[PDB]
Amino acid sequence: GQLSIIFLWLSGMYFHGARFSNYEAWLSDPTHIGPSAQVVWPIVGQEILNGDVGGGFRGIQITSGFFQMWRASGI
Amino acid sequence: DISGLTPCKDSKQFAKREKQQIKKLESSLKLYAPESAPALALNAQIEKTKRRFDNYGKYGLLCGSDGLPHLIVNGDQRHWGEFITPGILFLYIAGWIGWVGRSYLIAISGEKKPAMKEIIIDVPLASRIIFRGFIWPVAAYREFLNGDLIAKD
Amino acid sequence: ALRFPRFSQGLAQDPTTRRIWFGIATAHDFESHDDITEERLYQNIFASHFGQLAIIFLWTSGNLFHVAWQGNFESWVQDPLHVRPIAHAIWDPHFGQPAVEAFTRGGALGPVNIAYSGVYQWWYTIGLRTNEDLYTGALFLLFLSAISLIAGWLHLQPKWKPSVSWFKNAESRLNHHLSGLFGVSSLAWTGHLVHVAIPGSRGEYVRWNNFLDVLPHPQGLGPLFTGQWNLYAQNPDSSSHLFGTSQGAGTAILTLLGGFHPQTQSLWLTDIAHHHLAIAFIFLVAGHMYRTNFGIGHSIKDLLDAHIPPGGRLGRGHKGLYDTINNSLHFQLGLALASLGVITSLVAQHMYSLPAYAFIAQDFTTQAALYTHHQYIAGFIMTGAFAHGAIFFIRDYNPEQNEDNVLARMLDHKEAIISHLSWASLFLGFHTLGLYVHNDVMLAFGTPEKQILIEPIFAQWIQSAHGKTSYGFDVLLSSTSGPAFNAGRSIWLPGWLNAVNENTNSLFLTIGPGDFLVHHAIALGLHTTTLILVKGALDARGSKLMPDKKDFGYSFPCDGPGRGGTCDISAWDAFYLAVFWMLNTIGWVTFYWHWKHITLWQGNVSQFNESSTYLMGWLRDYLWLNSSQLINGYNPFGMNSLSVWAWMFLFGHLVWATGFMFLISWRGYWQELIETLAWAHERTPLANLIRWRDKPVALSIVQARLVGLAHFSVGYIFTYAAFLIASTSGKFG
Amino acid sequence: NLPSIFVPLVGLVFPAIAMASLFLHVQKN
Amino acid sequence: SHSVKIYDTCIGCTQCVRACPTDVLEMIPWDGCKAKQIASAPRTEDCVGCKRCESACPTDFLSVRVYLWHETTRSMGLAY
Amino acid sequence: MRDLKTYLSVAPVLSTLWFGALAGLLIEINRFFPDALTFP
Amino acid sequence: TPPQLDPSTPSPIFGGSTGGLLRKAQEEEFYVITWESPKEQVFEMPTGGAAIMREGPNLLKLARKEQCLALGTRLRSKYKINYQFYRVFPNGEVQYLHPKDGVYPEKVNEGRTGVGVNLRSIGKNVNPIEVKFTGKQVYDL
Amino acid sequence: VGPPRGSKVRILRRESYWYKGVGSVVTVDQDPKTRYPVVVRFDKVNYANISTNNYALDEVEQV
Ligand code: CLA
Ligand code: CLA
Ligand code: CLA
Ligand code: CLA
Ligand code: CLA
Ligand code: CLA
Ligand SMILES: CC1=C(/C=C/C(C)=C/C=C/C(C)=C/C=C/C=C(C)/C=C/C=C(C)/C=C/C2=C(C)CCCC2(C)C)C(C)(C)CCC1
Ligand code: SF4
């Protein structure tokens, strides 16, 4: 059961990297673009959290290090 | 007006706040293409701010020397929409919830083990009870006269 | 008892270290000592009061002596707005040369401390001008302390011991205190003000050697015994009067001007003299109420017995209460503490808004220190009032002699009282915290116009009823054609209105949405503290979890792990819990006062008006902003005169953190650890030659709570005292 | 003059004498 | 030495005695209850005050009551 | 079937369903009627 | 019953520990628990570790009465062994403690007189003021 | 002797958990030497998770 939960968590991380991230722009300029893989909805004014992370993208800057691991893996 | 406050349609600090908010939003617009989705999203925020300030002007709110709306609670007949009407609506919803809870607690009291209907809820019984809160003021009043509201110990 | 303590044989036979700790902690609980009688109790208390008075006199004498010896009073009375008062000198061998240079302030020749108690202004206002005056005041106070000690010793002797019946003569003591201790003392004080202080403020120097030769008034007691008292009020001091000189000086001794003195920004001395004369008359009249020896007066017992409503809603009313109050010292102590705690807060609230001392109002650090000091004292006293009220219910309450009177009905509906207090506290906390968090979230999202800002309209209307015209309400004193304003139109309203509508003093400060939230926070704190204390007092005799609580005393650890667990079930534990809430409440009111005044003294009230509506404003613009100078008292580049407060800040932090150890960790862990240390000592060579005489044991369960609470309170007081003094003294407002 | 003599007395000597006396008192019997 | 007292609400199920860690309580003949036995505390000088008996008390309120009193080397559980 | 309906009537499951519905209702009301300080 | 005396019986096999007697046994008192075992067997010690109880008589010295009673109840519950223990003073005086009457205290027995028995309910204790300035407690009446 | 078995009784003992409450009489002891003969069962458990208690004849009121 714990392994299934961990696999679900990893699947969510990869899906958010694929669907809600600026990974492809960060690949071409990793020194000037901040990684981001979470975008909030425009409700009750919370849309201010989508900051300028660069690369023509607005979101929440992530500190998990997934972008560098994906670049190392060749993704 | 009241307590030395001025209406927000007249106060210049309110308009200055509105101008500065739009200017702050428009500075991030410079970093994106005029047709991009982030540019479309910041424009929606600009329209939302304009609508908010225009509404605050139209509703007739009072603003202090800081440009921010101030609420009037004492009971003034031209400020009932800030405390009195919302308070009445809250008191109608909360009494509804309390009365539905009380009726459900009374309905399961006379059973073999009534603690099992408090962790596993009898959903049909709750469905029966739930819509009795629409007339909760009438019933709450009526058990006050007869004496079925308060336990006399 | 053969050892210590000699008043407790049971403690004397304890073979552990606990015999010492407890012996110190129960010295003044005379009621629980071995072979104690009521006569001995009353006589010991009477003797202890004299020692307390002697200590009080010695402390004031020491303050006066040190101000006269090492202070700069004579140079300060010539420049009160530009000379820093000196408390005493500093002689510390641990000081370095930069510390010696940095602490040489005022006009001193060495390290000194700057006084923030306001004694200089108080003594200057009452007529003292030279160092010799302070020297001769200190000698008199030392003489008084010696006489108090002598009387305390005398009334302990066999032929001068007072009897219990004398201590229980309430009517005579009330008459003498109301008429003599209150009335005559006030008459003497207004005599001093008329004879010394008022002439002193107009350049006249009146002392013991010449006060029989100088007329306090030109007419000299003629108008008083004739009846035309108005001649004492005809010519007051002009508005261009300079304090201490004869420039613009009048001849009036008793006036009703109102407002403040233009130069000193304080109350007129003549108004103070008239106030004290009126209060002396009131107390002298009130002191003739009770029957003592002459066949006229009232009996308090009959007054209490006769006040029973005929409807029966109050039961037997106040019948029998005279005996319960008179035979219980805890009831009397609780009443006295409640009243004294109320009036300590009254003094705190009235001294900052209506300064009475010359050139105090523009000494910001002294004002802040005095307000915080008196409010914290009131907070502690008010907790004591409920603690002793709880002790009364256990030790002295007689249910049979109080059948169905107003005191038994409280125990009858304690549940209804406690539940309603709980509801009030829950409502206040829920809604105040919700509004604060809503405003914080709006400020975080960049939309400050979505805040919920409620105008404190009731208090603004009250201010306008006092004559404030900043809200445009036009009610009572703010109106021109009303009877209330017409009545005092030519007595005190001009000066009072001028002072009230002057927007740089502390008289009825302008309030906005930021004050509404903090006042409700204060109300929530008050309600929760009273909830804890009242629940502790009313459940002291027992409850459903412990029906026989009165059989175990006021302070016991617990009833054990049975019946689900009985941690903190005693009434002492309720007080222990309520001390934290009292500290939190007083911290809230002191934060409010300090932040509201520090912005007003800086010329920008708008900093408080906009930043007090959300809690991040409090964290950033009050705490973080004002700690820049304090934490820079010593740094890797040097030090300055603020280093003492920087050290005390961290000292208070350390003590506050140390208290958490006693409050979180409990006894068994420490006892099991002490056992190992005992073994280790018993097995160590060259240390077996040394043996302990008292067996080492861990602190008791109740002892640890007291120790942790003491550390918590000491850190709480010292940290805020250092922060307040340093922040108000780095910039002087 | 006086502080250089009085401070060591009140801060060191008097506490030591009082501690010694109190310890001898509490260790009696 | 702590004080241990027994009240006549006892039902004599002997639960306190077998919960004593220092053998303070015992059962004695009686006639006030169906079990014809009541608890007694003849050795309170060995009492430690852990109140284990009150945790085993079935009566409401408790029939065995422990009051913490003067402390001895036996009552504090000291082995040194 | 009966046992699963009994389980879905347990306190935590009913609580999460009820609060999810409430949160959705409030979120949609705020999406279509945003920035309400008063009641017109 | 006439209490049994204290012979010189052997002790369980044990390697020693730091949890044994201290100087309190030298100057105040210690306790001695004696039992009889049918076979050599392992038993946990109340001071830590495991010892070997011999077949026949067994004598063990401990620091507290609670340790002796804990070991005794463990013996009775697990090994079905009857036990006794005594209090020994520095001057060689031995005081027999348990089982006091020859019968375990949880079993009723004739000849025992109640001590500390109050012939009232716990709710009938008098208020503190009735015992104020007297040396008596409410539960002692 | 005592209230009939199965009746409903109000508790008058002040220190009891069910003071001023209502319970059901299970059995009543007939031995005159028994101090608290009335056995009462209650719907709610006390702080010790016990639902039964013995009361004297004057601490029980028939309701
Ligand atoms: C640990 C794993 C993890 C985490 C933390 C998240 C977190 C998130 N995902 Mg995500 N995701 C994951 C795994 C994860 N995901 C996986 C594995 C996939 C692949 C299938 C996806 C695919 C995915 C998509 C496609 C999207 C997200 C989105 C989101 C964001 C909004 C989610 C939301 O509002 O829920 C939606 C709300 C619910 C699901 C309701 C909760 C249901 C519970 C049981 C309560 C039910 C009560 C109900 C609501 C009331 C009505 C019931 C009815 C009977 C009346 C959020 C940051 C969204 C986003 O970022 O938008 C920008 C988005 O569009 N995720
Ligand atoms: C049937 C539900 C119900 C009802 C009618 C009441 C009624 C009352 N409570 Mg109360 N309470 C409840 C549930 C309820 N409570 C729950 C669940 C808790 C535990 C969190 C509490 C905790 C509580 C405290 C701590 C206090 C009260 C107090 C009070 C009284 C004053 C009102 C108040 O402060 O409300 C405040 C109410 C709350 C803080 C709790 C509300 C919890 C939710 C809203 C109720 C949900 C009920 C249920 C889940 C729905 C039934 C569904 C059914 C149809 C299947 C009032 C008699 C106060 C009192 O005695 O003073 C007179 C008081 O101090 N209550
Ligand atoms: C006229 C006669 C007279 C007088 C003057 C006193 C005076 C006193 N009696 Mg007393 N007594 C009397 C008759 C009298 N008694 C009689 C006839 C009896 C027998 C029936 C007693 C029985 C009696 C007992 C049993 C006790 C006393 C005690 C005391 C002392 C109270 C402590 C104290 O100093 O409070 C000072 C109080 C005031 C100055 C008044 C209150 C001031 C308010 C609270 C503050 C307001 C002032 C102002 C705003 C602050 C100043 C600011 C600035 C100057 C700092 C006080 C000295 C007690 C004591 O300590 O004895 C040693 C005590 O235990 N008396
Ligand atoms: C006129 C005021 C007054 C008087 C006459 C009394 C008198 C009494 N109180 Mg009382 N009390 C008062 C005010 C008063 N109290 C107040 C204001 C409070 C609330 C704080 C209390 C709270 C209180 C409790 C909770 C108890 C008493 C008790 C007692 C009785 C015994 C006191 C005792 O043993 O002292 C012993 C006192 C001490 C050993 C003091 C301990 C040291 C304290 C913590 C100060 C530490 C300061 C710290 C070291 C500073 C460090 C500085 C740093 C730089 C190092 C006695 C009748 C006790 C009693 O017997 O009640 C039945 C009891 O349990 N009182
Ligand atoms: C910051 C710390 C803190 C806070 C918030 C509280 C809060 C409270 N204390 Mg308290 N207390 C504290 C520290 C604190 N205490 C400390 C250090 C002590 C000393 C030991 C005490 C001692 C003490 C006593 C002795 C008493 C209280 C009481 C109370 C209550 C007073 C009523 C009230 O304010 O209602 C407002 C309630 C709150 C502010 C609670 C927070 C509610 C949250 C914000 C709402 C829920 C959020 C969200 C929906 C939950 C989701 C999280 C999770 C499900 C994922 C309240 C719950 C009294 C009491 O019980 O009265 C009822 C009481 O008798 N306290
Ligand atoms: C009011 C209290 C007080 C006072 C007056 C002093 C005074 C002093 N401390 Mg000190 N200290 C105190 C409290 C106090 N301490 C406390 C509470 C602590 C613990 C935090 C310390 C920790 C401390 C340390 C760690 C050090 C000092 C040092 C010093 C000395 C520094 C002066 C110097 O440089 O000459 C230096 C002069 C000498 C080394 C020669 C001293 C020779 C003396 C005068 C001989 C006389 C001793 C006498 C016979 C014994 C009398 C004991 C009494 C019980 C009768 C000075 C004598 C420093 C020092 O060197 O002192 C040893 C030092 O290193 N103190
Ligand atoms: C527990 C106890 C106790 C205690 C208690 C307490 C502690 C209490 C407190 C109390 C309190 C603390 C109270 C308070 C009060 C207050 C008040 C009562 C106030 C009043 C006021 C008024 C009445 C005013 C009015 C006015 C005027 C005159 C002027 C201005 C305007 C107005 C209108 C405001 C005792 C010991 C007894 C015993 C028993 C137990
Ligand atoms: S822990 Fe403290 S409170 Fe809890 S039971 Fe043991 S002693 Fe009583």
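Residue numbers start from 1 in every chain, and the chains themselves are labelled A, B, ... in the order their sequence lines are given, proteins ahead of strands. Atom set for the values below is all heavy atoms of this structure, side chains included, hydrogens, waters and symmetry mates excluded.
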Chain D-proximal positions within residues 4-28 of chain C [heavy-atom distance under 4.5 Å]: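 Answer by number: C:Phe4, C:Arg19.
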
For residues D:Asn29 and C:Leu2, report the shortest heavy-atom separation together with the two atoms involved.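 Answer, listing the atom of D:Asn29 first, then C:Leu2: ND2-O, 3.5 Å.
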
Nearest atoms (heavy-atom pairs only) where D:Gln27 meets C:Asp694: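 Smallest heavy-atom distance, with atoms named: NE2-OD2, 3.1 Å.
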
Taking [atom1] in [X] as the centre, count heavy atoms belonging to other residues, nucleotides or ligands within less than 6.0 Å. Is the count above 12?
X: C:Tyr135; atom1: OH; answer: yes
X: D:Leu24; atom1: CG; answer: yes
X: C:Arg105; atom1: CZ; answer: yes
X: C:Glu31; atom1: CD; answer: yes
X: C:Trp647; atom1: CH2; answer: no
X: C:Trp59; atom1: CH2; answer: no

Tell me, for D:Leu2 versus chain C, whether the close heavy atoms (under 4.5 Å) come from the side chain, the backbone, both or neither.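 Only the side chain of D:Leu2 comes within 4.5 Å of chain C.
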
What part of D:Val7 gets within 4.5 angstrom of chain C, counting heavy atoms only: side chain, backbone, both, or neither?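 It is the side chain, since no backbone atom gets that close.
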
